[PDB]
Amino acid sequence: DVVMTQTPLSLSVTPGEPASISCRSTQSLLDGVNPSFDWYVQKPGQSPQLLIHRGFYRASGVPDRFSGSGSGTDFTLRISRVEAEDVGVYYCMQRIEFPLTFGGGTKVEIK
């Protein structure tokens, strides 16, 4: 139905060096309609943490070394310079919205 491929599945980075993770989806475009991608990191001892929302926006209190970019069904999370505290498992997540369809309406009147 819809497949998401995250590349790479493993990263060995040195502190100070950039890092980049890509996420690509196979949603048969039509009309979902709008795909949106978020990025999380899970580290031991914390709940999963939101890093990037809808491709581009950073959550509050996330270091500014984190950014995202992309288009269509291909999105990327970038770390400008990795720090040692960044070890973790990073996940991309696809949200598939659809705008609402409405009925024509029914006027209800009384006597």
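Counting begins at 1, following the sequence as shown.
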Length class of the unmodelled deposited segment, which would lie between residue 64 and residue 65:
none
Per the entry, where is the mean C-alpha temperature factor higher: 22-30 or 37-45?
22-30
Average Cα temperature factor in the PDB entry - higher stretch of 8-16, 84-92:
8-16
Using the B-factors in the PDB entry, rank residue 55's C-alpha atom against the chain and give the third, lowest, middle or highest.
middle
Which third, lowest, middle or highest, does the CA B-factor of residue 71 fall in along this chain?
highest
